[PDB]
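Trainee: quick one, structure for this:
(one chain, ligands or ions: 2)
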Amino acid sequence: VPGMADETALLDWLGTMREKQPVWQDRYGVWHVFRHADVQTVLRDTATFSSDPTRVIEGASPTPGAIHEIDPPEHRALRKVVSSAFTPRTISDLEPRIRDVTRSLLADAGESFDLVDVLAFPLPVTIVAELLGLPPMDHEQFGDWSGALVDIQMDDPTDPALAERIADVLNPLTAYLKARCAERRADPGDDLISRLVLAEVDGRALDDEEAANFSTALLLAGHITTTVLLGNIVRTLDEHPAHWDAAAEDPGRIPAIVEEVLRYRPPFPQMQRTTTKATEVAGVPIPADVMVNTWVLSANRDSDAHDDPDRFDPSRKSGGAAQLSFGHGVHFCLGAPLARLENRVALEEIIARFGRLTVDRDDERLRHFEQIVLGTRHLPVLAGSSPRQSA
Ligand SMILES: CC[C@H]1OC(=O)[C@H](C)[C@@H](O[C@H]2C[C@@](C)(OC)[C@@H](O)[C@H](C)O2)[C@H](C)[C@@H](O[C@@H]2O[C@H](C)C[C@H](N(C)C)[C@H]2O)[C@](C)(O)C[C@@H](C)C(=O)[C@H](C)[C@@H](O)[C@H]1C
Ligand code: HEM
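Mentor: Numbers count the residues shown, from 1 in each chain. Ligands and ions are numbered 1, 2, ... in the order given. Right below this line is the structure:
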């Protein structure tokens, strides 16, 4: 399998798999699914395709409060704890603050800067920290913890030792959040941690383990992908720069750009399930108790789903609930309205200040993530025209 960092090679490979081997078993006994229709089938059928990886990891037991790894009927009660925090009306109230953070961060940039260090990292981490009621002094901790997680040594995703390694890398974060949970129990505010520690799920409060693990999932979910998307947006516009001008003339076009970048370059290009029973996808027999890898990236480029799938085209009618890059079915991204707002406001503010940004391809800081996510660790950019220029 080509690594994430060589996008062209990876896309080439996925394309031949869609044609020649749409359901593929790898050397670890992991089963890969490449076509859009088949990815939807898998994601919709939660009884057959569990979100709990521990089923196939010997020695590992389910992680209490890990919403992303919990199946119906328990899933719905846990999601109901936080879903009201994430409604479009409630999220829309965050626009002024998102814009204030973005504008201030960009105002001090200069005309040559790393988009990630300046804005794509600090914006989403501030917004999710503020959602969870955590302090600014803790942002650097979160970036260190997400970075280590993203670069964890990893090959066979069913290895018991990988599960232990993840646990160890996230131990400091979960411990920190456990302390913050105990703190909010005593002195609640109206942040997300307060809501989760005071909630009653199926007749009782979440225990300390559950609440910390749920907090951990919310924190990680809330920044890594948003950071990656913003980078992917600027990098994709740089490859199709006629769109900078069009968005400057009509900023109403920015949400369509955001949707099309999501399709074209999903931050999270693959997700795993486990089979609860013997099943078949596209007539290919898959046994019980194995791990399944759904390639969102391959689904998004499938010509049966999207005409001329390798063309970047904001005029595509796709988006909303049909945005596969936010998942599909019961686990569909709780943060979607928020991700969409942060990225809309970021691009508006970039265009307002600079008109356009050019990616500096000769700057050595430009490096792709090698695994797990689809994007760049840093994106050195050059300003088109900035308020700093003078006679
Ligand atoms: C809450 C929803 C979000 O969920 C999370 O953020 C979870 C808390 C992470 O779970 C962690 C921690 C733990 C203890 O869970 C209880 C563990 O049992 C699982 C397996 O790993 C998440 C799944 C991570 O992904 C996984 O990493 C692993 C290191 C490798 C996995 N694969 C490639 C094999 C990969 O699939 C990661 C990095 O955070 C993905 C991020 C960046 C992402 O793009 C998606 C969109 C993410 O935001 C949502 C999915
Ligand atoms: C552009 C950025 C984002 C992308 C691409 C993205 C993507 C995804 C995807 C693909 C899933 C489903 C994973 C699966 O089915 O296993 C998911 C779930 C989730 N996301 Fe997002 N996300 C983004 C931003 C956010 C933000 C800002 C938040 C706010 C905290 C958030 C919170 C969550 C939560 C809590 C879940 C779990 C939902 C559940 O399991 O019921 N995400 N996300």
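Trainee: who's in contact with residue 368?
Mentor: Residue 368 is in contact with 4-7, 375-377, counting by Cβ atoms under 8 Å, 6 or more residues apart in numbering. Placement of C-beta: from N, CA and C, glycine included.
Trainee: likewise for residue 355?
Mentor: 244, 248, 384-385.
Trainee: rerun at 6 Å
Mentor: 384-385 (Cβ atoms under 6 Å, 6 or more residues apart in numbering).
Trainee: repeat that for residue 342.
Mentor: Contacts of residue 342 (Cβ under 6 Å, 6+ apart): 98, 226.
Trainee: please name the bridge partners of the residue nearest to residue 116 when sequence neighbours are not counted.
Mentor: Once flanking residues are discounted, residue 116 sits nearest to residue 378: 4.9 Å by Cβ to Cβ, 6 or more residues apart in numbering. Judged by DSSP bridges, the bridge partners of residue 378 are residue 367.
Trainee: wait, residue 378 sits on residue 118?
Mentor: No. Applying Cβ atoms under 6 Å, one finds residue 378 not in contact with residue 118, separated by 10.2 Å.
Trainee: so the residue nearest to residue 72 when sequence neighbours are not counted, which state does it fall into?
Mentor: For residue 72, ignoring the flanking residues on the chain, the nearest one in space by Cβ to Cβ, 6+ apart is residue 46 at 5.7 Å. Judged by DSSP: H, G, I helix; E, B strand; the rest coil, the three-state class of residue 46 is coil.
Trainee: distance of residue 46 from residue 288?
Mentor: Shown here: residue 46 relative to residue 288, a distance of 15 Å by Cβ to Cβ, to the nearest Å.
Trainee: for residue 248, helix, strand, or coil?
Mentor: Classified using three-state DSSP, residue 248 is helix.
Trainee: can you count the residues close to it?
Mentor: Residue 248 is flanked by 14 other residues according to other Cβ atoms under 10 Å.
Trainee: and the stretch 201-350 of the chain, which of its residues are near ligand 2?
Mentor: 218, 221-222, 225-226, 229, 267-268, 271, 325-327, 331, 333-335, 338-339 (Cβ under 6 Å from any ligand atom).
Trainee: about what we covered before: residue 46 and residue 288: which is more packed in?
Mentor: residue 46 (17 against 13).
Trainee: show me the contacts for that one.
Mentor: Residue 46 neighbours (Cβ under 6 Å, 6+ apart): 71-72, 330.
Trainee: hmm, which of these are the buried ones?
Mentor: Buried members of these, counted by 16 or more other Cβ atoms under 10 Å: residue 71.
Trainee: make TSV from the contacts of residue 46 and add distance to ligand 1 and secondary structure to it.
Mentor: TSV is the format used below for these (distance: Cβ to the nearest ligand atom, whole Å; DSSP: H, G, I helix; E, B strand; the rest coil):
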residue	distance to ligand 1	secondary structure
71	14	coil
72	16	coil
330	13	coil
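Trainee: please enumerate the strands of the stretch 51-200 of the chain.
Mentor: Using DSSP state E, counting those that start in this stretch, the strands found in the stretch 51-200 of the chain span residues 112-114, 200-201.
Trainee: tell me which of those is the most buried.
Mentor: strand 112-114 (a mean of 17; mean count of other Cβ atoms under 10 Å).
Trainee: can you list contacts of that strand?
Mentor: So strand 112-114 is contacted by 365, 378, 380, 382 (Cβ under 6 Å, 6+ apart).
Trainee: for those residues, which one is nearest residue 62?
Mentor: residue 378 (36.4 Å; Cβ to Cβ).
Trainee: sec struct for the closest residue to residue 150 other than its chain neighbours, please.
Mentor: Computed as Cβ to Cβ, 6+ apart, the closest residue to residue 150 that is not its neighbour in sequence is residue 372, at 5.4 Å. Applying three-state DSSP to residue 372 yields a three-state assignment of coil.
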